[PDB]
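Content type PDB, C-alpha atoms, from the file structure-v5.pdb:
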ATOM      1  CA  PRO O 477       5.425  -1.948   4.811  1.00  0.00           C
ATOM      2  CA  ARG O 478       6.464  -4.620   2.317  1.00  0.00           C
ATOM      3  CA  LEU O 479       6.044  -5.423  -1.355  1.00  0.00           C
ATOM      4  CA  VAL O 480       5.239  -9.034  -2.157  1.00  0.00           C
ATOM      5  CA  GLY O 481       5.114 -11.155  -5.323  1.00  0.00           C
ATOM      6  CA  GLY O 482       7.351  -9.019  -7.579  1.00  0.00           C
ATOM      7  CA  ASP O 483      10.357 -10.306  -9.497  1.00  0.00           C
ATOM      8  CA  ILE O 484      12.444  -7.614  -7.762  1.00  0.00           C
ATOM      9  CA  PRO O 485      12.209  -6.154  -4.197  1.00  0.00           C
ATOM     10  CA  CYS O 486      10.961  -2.709  -5.264  1.00  0.00           C
ATOM     11  CA  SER O 487       7.823  -3.995  -7.001  1.00  0.00           C
ATOM     12  CA  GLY O 488       4.872  -5.976  -5.691  1.00  0.00           C
ATOM     13  CA  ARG O 489       1.585  -6.076  -3.843  1.00  0.00           C
ATOM     14  CA  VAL O 490       1.422  -3.574  -1.014  1.00  0.00           C
ATOM     15  CA  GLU O 491       1.150  -5.060   2.493  1.00  0.00           C
ATOM     16  CA  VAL O 492       1.233  -2.976   5.674  1.00  0.00           C
ATOM     17  CA  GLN O 493       1.472  -4.249   9.241  1.00  0.00           C
ATOM     18  CA  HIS O 494      -0.967  -3.411  12.025  1.00  0.00           C
ATOM     19  CA  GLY O 495      -0.119  -5.035  15.371  1.00  0.00           C
ATOM     20  CA  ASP O 496       0.730  -8.722  14.798  1.00  0.00           C
ATOM     21  CA  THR O 497      -1.014  -9.121  11.385  1.00  0.00           C
ATOM     22  CA  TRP O 498      -0.508  -7.772   7.857  1.00  0.00           C
ATOM     23  CA  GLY O 499      -3.160  -6.123   5.697  1.00  0.00           C
ATOM     24  CA  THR O 500      -3.391  -5.503   1.982  1.00  0.00           C
ATOM     25  CA  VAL O 501      -4.619  -2.200   0.529  1.00  0.00           C
ATOM     26  CA  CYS O 502      -7.613  -1.733  -1.785  1.00  0.00           C
ATOM     27  CA  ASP O 503      -6.804  -0.003  -5.102  1.00  0.00           C
ATOM     28  CA  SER O 504      -9.704   2.413  -4.525  1.00  0.00           C
ATOM     29  CA  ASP O 505      -7.836   3.676  -1.438  1.00  0.00           C
ATOM     30  CA  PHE O 506      -4.178   4.263  -2.301  1.00  0.00           C
ATOM     31  CA  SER O 507      -2.887   7.450  -3.939  1.00  0.00           C
ATOM     32  CA  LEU O 508       0.338   8.193  -5.794  1.00  0.00           C
ATOM     33  CA  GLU O 509       1.458  10.203  -2.744  1.00  0.00           C
ATOM     34  CA  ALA O 510       0.942   7.247  -0.400  1.00  0.00           C
ATOM     35  CA  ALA O 511       2.874   5.113  -2.936  1.00  0.00           C
ATOM     36  CA  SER O 512       5.698   7.705  -2.975  1.00  0.00           C
ATOM     37  CA  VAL O 513       5.889   7.526   0.830  1.00  0.00           C
ATOM     38  CA  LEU O 514       5.980   3.705   0.671  1.00  0.00           C
ATOM     39  CA  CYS O 515       8.753   3.645  -1.983  1.00  0.00           C
ATOM     40  CA  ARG O 516      10.878   6.119   0.029  1.00  0.00           C
ATOM     41  CA  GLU O 517      10.331   4.170   3.279  1.00  0.00           C
ATOM     42  CA  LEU O 518      11.558   0.996   1.551  1.00  0.00           C
ATOM     43  CA  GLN O 519      14.551   2.734   0.005  1.00  0.00           C
ATOM     44  CA  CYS O 520      13.236   2.049  -3.450  1.00  0.00           C
ATOM     45  CA  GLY O 521      13.315   5.562  -4.739  1.00  0.00           C
ATOM     46  CA  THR O 522      10.026   6.943  -6.080  1.00  0.00           C
ATOM     47  CA  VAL O 523       6.698   5.564  -7.274  1.00  0.00           C
ATOM     48  CA  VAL O 524       6.768   4.898 -11.005  1.00  0.00           C
ATOM     49  CA  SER O 525       3.378   3.187 -11.173  1.00  0.00           C
ATOM     50  CA  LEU O 526       0.367   1.983  -9.232  1.00  0.00           C
ATOM     51  CA  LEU O 527      -0.938  -1.329 -10.591  1.00  0.00           C
ATOM     52  CA  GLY O 528      -4.541  -2.375 -10.114  1.00  0.00           C
ATOM     53  CA  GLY O 529      -6.505  -5.574 -10.259  1.00  0.00           C
ATOM     54  CA  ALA O 530      -4.303  -7.861  -8.201  1.00  0.00           C
ATOM     55  CA  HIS O 531      -1.471  -7.542 -10.771  1.00  0.00           C
ATOM     56  CA  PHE O 532       1.022  -9.455  -8.580  1.00  0.00           C
ATOM     57  CA  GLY O 533      -1.710 -11.805  -7.382  1.00  0.00           C
ATOM     58  CA  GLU O 534      -4.369 -11.129  -4.799  1.00  0.00           C
ATOM     59  CA  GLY O 535      -3.484 -11.324  -1.101  1.00  0.00           C
ATOM     60  CA  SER O 536      -5.430 -12.971   1.700  1.00  0.00           C
ATOM     61  CA  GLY O 537      -6.395 -11.891   5.180  1.00  0.00           C
ATOM     62  CA  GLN O 538      -7.253  -8.406   6.305  1.00  0.00           C
ATOM     63  CA  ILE O 539      -7.620  -5.488   4.076  1.00  0.00           C
ATOM     64  CA  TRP O 540      -6.944  -2.030   5.544  1.00  0.00           C
ATOM     65  CA  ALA O 541     -10.182  -0.325   6.668  1.00  0.00           C
ATOM     66  CA  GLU O 542      -8.572   3.138   6.670  1.00  0.00           C
ATOM     67  CA  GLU O 543      -6.940   5.061   3.836  1.00  0.00           C
ATOM     68  CA  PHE O 544      -3.391   6.438   4.102  1.00  0.00           C
ATOM     69  CA  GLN O 545      -3.996  10.111   3.288  1.00  0.00           C
ATOM     70  CA  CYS O 546      -0.385  11.009   2.720  1.00  0.00           C
ATOM     71  CA  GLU O 547       0.779  14.474   1.684  1.00  0.00           C
ATOM     72  CA  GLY O 548       3.767  12.932  -0.031  1.00  0.00           C
ATOM     73  CA  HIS O 549       6.851  13.934   1.961  1.00  0.00           C
ATOM     74  CA  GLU O 550       6.305  11.695   5.034  1.00  0.00           C
ATOM     75  CA  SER O 551       9.280   9.457   5.902  1.00  0.00           C
ATOM     76  CA  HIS O 552       6.947   6.610   7.010  1.00  0.00           C
ATOM     77  CA  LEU O 553       3.374   5.523   6.199  1.00  0.00           C
ATOM     78  CA  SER O 554       2.860   5.637   9.992  1.00  0.00           C
ATOM     79  CA  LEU O 555       3.150   9.481   9.896  1.00  0.00           C
ATOM     80  CA  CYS O 556       0.436   9.883   7.227  1.00  0.00           C
ATOM     81  CA  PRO O 557      -3.025  10.995   8.354  1.00  0.00           C
ATOM     82  CA  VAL O 558      -5.673   8.298   8.179  1.00  0.00           C
ATOM     83  CA  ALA O 559      -9.391   8.292   7.210  1.00  0.00           C
ATOM     84  CA  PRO O 560     -12.095   5.666   6.782  1.00  0.00           C
ATOM     85  CA  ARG O 561     -12.357   3.999   3.362  1.00  0.00           C
ATOM     86  CA  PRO O 562     -15.692   4.425   1.555  1.00  0.00           C
ATOM     87  CA  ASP O 563     -18.741   2.510   2.483  1.00  0.00           C
ATOM     88  CA  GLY O 564     -18.143  -1.282   2.356  1.00  0.00           C
ATOM     89  CA  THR O 565     -15.130  -3.738   2.011  1.00  0.00           C
ATOM     90  CA  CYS O 566     -13.199  -4.582  -1.149  1.00  0.00           C
ATOM     91  CA  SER O 567     -12.318  -8.032  -2.405  1.00  0.00           C
ATOM     92  CA  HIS O 568      -8.683  -9.130  -2.539  1.00  0.00           C
ATOM     93  CA  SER O 569      -9.155  -9.030  -6.340  1.00  0.00           C
ATOM     94  CA  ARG O 570      -8.645  -5.240  -5.920  1.00  0.00           C
ATOM     95  CA  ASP O 571      -5.390  -5.401  -3.868  1.00  0.00           C
ATOM     96  CA  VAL O 572      -3.037  -2.626  -5.027  1.00  0.00           C
ATOM     97  CA  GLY O 573       0.539  -3.005  -6.225  1.00  0.00           C
ATOM     98  CA  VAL O 574       3.412  -0.659  -6.990  1.00  0.00           C
ATOM     99  CA  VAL O 575       6.567  -0.460  -9.100  1.00  0.00           C
ATOM    100  CA  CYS O 576       9.158   1.843  -7.473  1.00  0.00           C
ATOM    101  CA  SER O 577      11.979   3.273  -9.585  1.00  0.00           C
TER     102      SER O 577
END
Please rewrite the model in this file as structure tokens.
Amino acid sequence: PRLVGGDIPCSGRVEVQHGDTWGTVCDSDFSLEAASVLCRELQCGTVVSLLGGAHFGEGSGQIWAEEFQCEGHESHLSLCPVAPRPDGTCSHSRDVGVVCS
């Protein structure tokens, strides 16, 4: 994963790679536990905050169609169980962001 658009490396819009392309994550779909896994995986410590409403700017391109249903203690987002997001797609106006400690 990566965080993009922050003034420091450990804050920004969440983007996660699938194959050759990157996808953003809808703020209806991303829990504090998934954020905690992301912050750990990036060596940023722990989630302080989720930020909604394209706080760091909206992304472009794909938006993840599955939710990362993390328990919390996974070392990588890739080890979290996955599930479909609710009925429909989101706009990039809803891309989620994080501030890690």
* Using all atoms listed in the file: which of O:576, O:539, O:484, O:546 has the shortest distance to residue 527 of chain O ->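 Ranking O:576, O:539, O:484, O:546 by distance to residue 527 of chain O, first place goes to O:576.
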* Carefully work through the PyMOL selection byres ((chain O and resi 558-574) around 6) for this structure and note down the residues it includes, as an NGL selection string. => :O and (487-490 or 501-503 or 525-530 or 534-535 or 541-545 or 557 or 575)
* To do: Check what the PyMOL selection byres ((chain O and resi 538) around 8) selects in the file above and give those residues as a VMD selection string.
  => chain O and resid 498 to 500 536 to 537 539 to 540
Next, dump the selected residues to file, keeping only C-alpha atoms, as a tab-separated table (two decimals), in the frame of the given file.
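Ended up saving to part_3.tsv:
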chain	number	residue	atom	x	y	z
O	498	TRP	CA	-0.51	-7.77	7.86
O	499	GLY	CA	-3.16	-6.12	5.70
O	500	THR	CA	-3.39	-5.50	1.98
O	536	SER	CA	-5.43	-12.97	1.70
O	537	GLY	CA	-6.40	-11.89	5.18
O	539	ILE	CA	-7.62	-5.49	4.08
O	540	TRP	CA	-6.94	-2.03	5.54
* To do: Grab the atom CA of residue 554 of chain O to atom CA of residue 495 of chain O distance for me, in Å with one decimal place.
  =>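 One can read the atom CA of residue 554 of chain O to atom CA of residue 495 of chain O distance as 12.3 Å.
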* Could you name the residues that touch residue 509 of chain O at 10 Å or less, counting only C-alpha atoms, but leaving out those on the same chain fewer than 6 positions away, as a PyMOL selection string? -> chain O and resi 515+522-523+544-550
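Of note, atom CA of residue 518 of chain O and atom CA of residue 555 of chain O are spaced 14.6 Å apart.
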* **atom CA of residue 497 of chain O to atom CA of residue 517 of chain O, straight-line distance in Å** => 19.3 Å
Centre and edge lengths of an axis-aligned box around all listed atoms of segment 552-555 of chain O, with 4 Å added on each side, are to be given in Å to one decimal, as lines of an AutoDock Vina configuration file.
center_x = 4.9
center_y = 7.5
center_z = 8.1
size_x = 12.1
size_y = 12.0
size_z = 11.8
* Counting only C-alpha atoms, the option among O:556, O:496, O:491, O:512 closest to residue 477 of chain O -> O:491
